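In what follows, a structure is listed as structure tokens, so that the remarks can point back to it.
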Amino acid sequence: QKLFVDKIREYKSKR
Amino acid sequence: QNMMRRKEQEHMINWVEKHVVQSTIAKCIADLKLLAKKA
Amino acid sequence: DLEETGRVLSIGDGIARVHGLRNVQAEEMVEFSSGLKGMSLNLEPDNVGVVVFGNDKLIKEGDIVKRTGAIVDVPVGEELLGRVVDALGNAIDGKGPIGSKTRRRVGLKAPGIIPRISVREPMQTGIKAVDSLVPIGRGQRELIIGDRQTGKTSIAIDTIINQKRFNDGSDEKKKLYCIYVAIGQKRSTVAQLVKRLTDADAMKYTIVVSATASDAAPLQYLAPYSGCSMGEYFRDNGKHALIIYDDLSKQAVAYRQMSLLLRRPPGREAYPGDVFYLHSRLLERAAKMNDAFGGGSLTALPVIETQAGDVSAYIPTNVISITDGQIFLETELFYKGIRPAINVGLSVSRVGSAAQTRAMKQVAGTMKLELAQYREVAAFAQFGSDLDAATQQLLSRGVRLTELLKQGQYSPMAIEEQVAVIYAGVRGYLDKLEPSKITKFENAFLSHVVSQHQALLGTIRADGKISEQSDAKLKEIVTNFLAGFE
Amino acid sequence: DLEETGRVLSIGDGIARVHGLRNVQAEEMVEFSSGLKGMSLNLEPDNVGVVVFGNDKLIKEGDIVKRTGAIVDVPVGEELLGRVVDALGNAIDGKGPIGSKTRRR
Amino acid sequence: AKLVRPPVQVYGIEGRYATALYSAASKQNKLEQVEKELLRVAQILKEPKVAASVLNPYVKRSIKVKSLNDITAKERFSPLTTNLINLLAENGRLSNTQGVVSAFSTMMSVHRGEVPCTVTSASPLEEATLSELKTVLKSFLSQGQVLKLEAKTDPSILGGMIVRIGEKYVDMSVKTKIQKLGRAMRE
Ligand SMILES: Nc1ncnc2c1ncn2[C@@H]1O[C@H](COP(=O)(O)OP(=O)(O)OP(=O)(O)O)[C@@H](O)[C@H]1O
Ligand SMILES: [Mg+2]
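Below, the structure written as structure tokens:
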């Protein structure tokens with residue numbers, strides 16, 4: 040699920 | 162204040178998308202698995 | 024997630040030929056790759072002619088076109104009130120997604136014979152000339168026809184604004200939800216309209232479906248049907264809506280271009296053979312139900328922009344034959360001072376008297392009679408000094424009444440104030456006042472009546488008639504103010 | 024050949040469809056075999072629609088149309104004064120030729 | 002006269018002659034015979050000599066069809082093939098012959114059950130996963146079909162795979178995925 044890892048990693052990057 | 166809440170939210174929502182683009194055959198094997206479960 | 028698709032043999036001008044889709048339905052919503060939706064109109068043996076609800080620059084040849092499996096529908100519900108959507112429901116006011124839960128087709132069938140009842144309850148607009156002489160009812164289709172820049176949009180705006188008194192009020196059966204479909208108008212004018220409706224707290228209960236000039240022809244073709252479906256949602260669930268198509272001529276023009284690009288045989292003035300079918304299946308959905316179905320209503324006020332009073336054109340003739348009357352505006356009246364420039368002689372309401380309260384009926388009968396007697400002789404002005412004195416009084420009272428019919432903008436009067444002013448104008452009280460002062464009077468007097476006689480207006484509104492008690496009270500107040508007025 | 028010459032596929036009412044003539048330009052003056060000239064107005068994918076500068080009696084299906092490379096051109100100059108010429112610069116006043124040293128498109 | 006229609010339809014004059022021959026052959030059971038002879042006469046009418054003579058717009062229709070009869074009759078043609086040939090020639094429909102043949106081939110591409118499907122991915126694939134994918138997208142089919150795989154490779158899709166099988170079409174590429182992301186997060 041590259042979509043989900045993308046979402047979580049970009050959330051951790053933006054935070 | 163809320164306008165800045167929007168301006169940074171709208172910018173941070175595109176940066177993250179134009180950022181992941183640079184990011193493994195595991196996805197293709199998963200697709201055949203997803204296709205295997207197509208029935 | 025497998026969907027039946029088809030390639031694009033050709034694209035352009037809003038028309039895409041699609042090879043494949045061997046199970047597409049007629050008038051079905053297809054969905055391109057770019058996110059654009061479309062409607063499959065032509066089903067031919069070798070391809071499918073699809074109209075695109077967007078711009079044709081996002082589609083190239085060989086583009087995949089998925090199905091959706093549903094007839095074109097738009098979301099309906101109370102969640103639309105206050106928004107500005109496009110022809111497909113997608114909000115363009117930039118205020119988050121529409122929180123609607125149900126959808127309704129755009130090509131639904133109008134109610135039959137049985138679910139209808141006669142038009143009885145009034146649909147107050149606030150324009151004296153309309154609410155008195157050309158009354159409208161709930162469930163009626165009153166065309167508003169005229170040239171360009173005569174005040175049709177303005178009459179629609181006043182009709183929308185006026186329902187504030189009933190909306191903010193307590194009654195549930197007299198609340199009217201407005202809908203303003205805009206077709207082929209500049210986005211700037213739609214923005215002016217939305218700010219004018221939010222400055223008057225009218226957007227609290229109004230939907231706006233905007234298919235502007237820069238929008239593709241299929242969007243302008245669809246917009247009235249989306250609006251009518253949104254209004255039908257209220258109509259079938261016991262509420263009372265009111266829809267204004269501004270205007271239908273430009274929707275006809277959009278349909279004409281679409282049909283010509285779909286290779287369909289043109290008819291008169293190049294319109295397709297079934298533009299009457301288009302407008303009539305749109306307008307017949309404006310009905311007035313019965314108590315066995317919900318008692319709802321849906322009044323339509325289609326607008327038509329002629330060219331030099333040419334009501335004998337194709338589209339004006341169709342829309343005149345379908346509707347239940349008309350309100351003919353004029354540029355001659357619009358220059359000679361009358362604003363709103365309603366032409367009383369040509370205008371007509373087929374329902375008419377059935378769509379008035381008893382008070383407005385009592386006063387409007389004699390008003391219309393005297394105005395007819397004035398128009399049948401108005402040509403003899405500029406030599407009135409050399410004519411019979413009775414007909415001279417006829418002419419004078421006529422001029423008095425016409426100046427009593429002028430009205431400012433965005434100021435829709437309440438019904439009781441309407442009947443009060445028309446009463447003060449019809450009983451000869453202004454025969455002694457010269458015309459250049461009437462408006463002054465009409466202002467000051469009205470203020471007086473709403474300042475120190477609120478109970479009288481409350482009673483007239485609670486009964487809807489000028490009882491002999493209230494008649495005598497009106498005699499009193501008008502006499503006293505005339506005596507006090509300069 | 025079929026690059027600088029074509030063959031009349033059809034003729035009638037002063038419109039000759041010419042098959043071939045691949046290298047012909049638009050609005051160029053071609054010459055039929057019977058001396059009659061024409062102007063290639065339509066450049067269609069299958070043929071060339073030529074308008075005949077004369078009577079279509081002298082042109083039959085199957086005739087040879089030869090390119091000339093000469094787009095329409097009329098003589099000019101002070102010598103043209105006093106002379107009745109036709110639509111192509113040929114004198115029709117029966118007073119001999121015209122001493123036209125210069126031409127013009 | 003009743004005609005049997007092929008399970009797939011082609012239109013235009015190409016499709017009309019194609020279904021005419023399909024009905025004419027299925028009424029005497031010579032489908033494979035006329036199909037192979039059609040492909041061969043298509044190869045014949047594309048060699049530069051006759052392929053250049055056939056489209057000369059002045060060679061008389063009678064003389065053209067007679068010469069064409071002379072040329073086809075030497076390959077021991079069954080009556081149906083030369084019948085179609087003469088029907089096309091006396092109707093001036095010769096420049097379309099190959100097209101018709103092409104169309105007819107596709108008709109057989111449905112009589113044998115050949116389902117053409119495409120699986121487009123970013124990079125070329127190795128045939129172990131390709132074979133298991135043949136097995137996978139072969140599972141969809143009903144009783145009695147054969148399948149034709151025509152896979153292409155496009156890096157513009159940045160990964161995933163797109164399966165366009167006949168009319169069915171699944172889009173598992175990362176591109177439509179990230180477009181879904183953009184449109185969903187923006188809304
Ligand atoms: N009742 C009125 N009294 C005075 N002026 C008015 C009245 N109604 C409208 N006007 C003015 O007349 C002008 C044109 O009015 P309006 O736009 O409503 O007519 P229109 O037919 O809709 O023109 P268009 O087709 O271009 O939209 C407006 O500037 C408006 O201010
Ligand atoms: Mg308007």
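Protein chains in written order, with the authors' numbering: chain L, 40 to 54; chain K, 162 to 184, 193 to 208; chain A, 24 to 509; chain C, 24 to 128; chain O, 2 to 188. Yeah, the Cβ is synthetic: ideal placement off N, Cα and C, and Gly gets one too.
- Beta-carbon to beta-carbon, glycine 250/A and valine 232/A are separated by about 4 Å, close enough to satisfy the 8 Å threshold.
- Taking 8 Å as the CB threshold, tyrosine 23/O stays off the interface with chain A.
- Residue contact check for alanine 195/K against chain O: no CB pair falls below 8 Å.
- The contact set of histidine 180/K on chain L, defined by CB atoms closer than 7 Å, consists of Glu49 in chain order.
- A direct Cα-Cα distance of roughly 13 Å separates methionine 52/A from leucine 242/A.
- Where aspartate 224/A is concerned, there is no enclosing alpha helix (DSSP H), because DSSP gives it neither an H nor an E.
- For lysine 61/O, the secondary structure class from DSSP, reduced to helix, strand or coil, is coil.
- Taking 7 Å as the cut-off, one finds at least one heavy atom of ligand 2 near enough to the beta carbon of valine 326/A.
- The contact set of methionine 173/K on chain L, defined by CB atoms closer than 8 Å, consists of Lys53 in chain order.
- Restricting attention to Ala152/O, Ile166/O, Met173/O, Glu151/O, the CA atom closest to the CA of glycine 160/O is found in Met173/O.
- Taking 8 Å as the threshold, the shortest C-beta distance from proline 49/O to chain C does not fall below it.
- At least one CB of chain C lies nearer than 8 Å to the CB of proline 58/O.
- Using a CB distance below 7 Å, the part of the stretch 160-171 of chain O facing chain A consists of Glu168, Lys169, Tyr170, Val171, ordered along the chain.
- The beta carbon of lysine 176/O does not come within 8 Å of any beta carbon belonging to chain L, so the residue lies off that interface.
- Looking at the DSSP output, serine 33/A bridges to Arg40/A.
- For the pair of segments examined, the stretch 480-488 of chain A was found not to touch the stretch 29-42 of chain C: the number of CB pairs separated by less than 8 Å stays below three.
- For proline 98/C, the uninterrupted beta strand (DSSP E) run begins and ends at 97-99, by DSSP.
- Under the 10 Å beta carbon count, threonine 193/K is surrounded by fewer than 16 other beta carbons and is classified as exposed.
- For the stretch 191-269 of chain A, the continuous beta strand (DSSP E) assignments of 3+ residues that do not extend past its boundaries occur at 200-206, 229-234, 263-269, in sequence order.
- Not one heavy atom of ligand 2 falls within 7 Å of the beta-carbon of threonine 173/A.
- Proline 117/O is a Cβ neighbour of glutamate 151/O, given a cutoff of 8 Å.
- Sequence-distant partners of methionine 226/A (beyond 5 residues in either direction) whose C-beta falls short of 6 Å from its own C-beta, in its chain, are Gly105, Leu220.
- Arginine 362/A has its Cβ nearer than 7 Å to a heavy atom of ligand 1.
- Here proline 68/A is exposed, its C-beta having fewer than 16 other C-beta atoms within 10 Å.
- Around the beta-carbon of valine 326/A, 16 or more other beta-carbon atoms lie within 10 Å, marking it buried.
- Within its own chain, the residues whose Cβ lies closer than 8 Å to the Cβ of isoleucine 158/O, once the five positions on either side in sequence are excluded, are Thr121, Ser122, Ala123, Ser174, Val175, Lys176, listed in chain order.
- Taking C-beta atoms under 8 Å as the contact rule, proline 145/A and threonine 380/A qualify, at a distance of about 6 Å.
- With contact defined as three or more Cβ pairs closer than 8 Å, the stretch 38-55 of chain O and the stretch 74-93 of chain O are in contact.
- For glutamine 34/O, there is no enclosing beta strand (DSSP E); the enclosing alpha helix (DSSP H) covers residues 32-45.
- Using a cutoff of 7 Å, the CB of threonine 28/A does not count as near ligand 1, since none of the ligand's heavy atoms is closer than that.
- At a cut-off of 8 Å between beta carbons, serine 122/O contacts chain K.
- For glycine 85/C, the C-beta contacts it makes with chain O under 7 Å involve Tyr59, in order along the chain.
- Interface criterion met: the Cβ of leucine 182/O is under 8 Å from a Cβ in chain L.
- For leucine 453/A, the secondary structure class from DSSP, reduced to helix, strand or coil, is coil.
- Taking the C-beta atoms as reference points, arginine 127/A is found no nearer than 8 Å to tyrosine 228/A.
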